[PDB]
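Given next, in structure tokens, is a single chain: the form deposited in one PDB entry.
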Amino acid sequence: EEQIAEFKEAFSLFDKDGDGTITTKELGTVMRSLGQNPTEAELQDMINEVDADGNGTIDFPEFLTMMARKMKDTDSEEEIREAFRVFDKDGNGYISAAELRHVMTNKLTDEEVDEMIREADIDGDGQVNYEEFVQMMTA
């Protein structure tokens, strides 16, 4: 879109010397300005994860690919978090059988919805948390 412009700006914040590549040391600089203090090994891992051609640095195409996947994955997370908030009527961080039942009609019996909860209820507390919800929605 015109989001490439925004991605170029973000890239330019990493590419401190404007050579069109992001090095481990430039990434290091960025992360310390955000209040993190990564090791050289941690930095290398992060570069390696994005470095499609294995040349040891991140060019703008590599960065753009990474940003587009991160944005899709961020958009998805947010969609699932919104769905979860809709179910979690009382905002307690768990979906009850009662909340699932309400939502699910808008006609299931307590027994039928208990069954749905149990299927999703990895930790056995008889409710569905966000982590369990993500599992159920993405599997």
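Note that residue numbering follows the sequence shown and begins at 1.
Another form, the form deposited in another entry, is not on view; read the next lines as being about it.
The listed residues are 94, 99, 117, 74, and the one at the hinge between rigid parts moving between this form and the one not shown turns out to be 74. Whereas the shown form places them at one spacing, the Cα atoms of residue 78 and residue 49 lie at least 3 Å closer in the other entry. Distance between the C-alpha atoms of residue 131 and residue 45: longer in the other entry than here (change of 3 Å or more).
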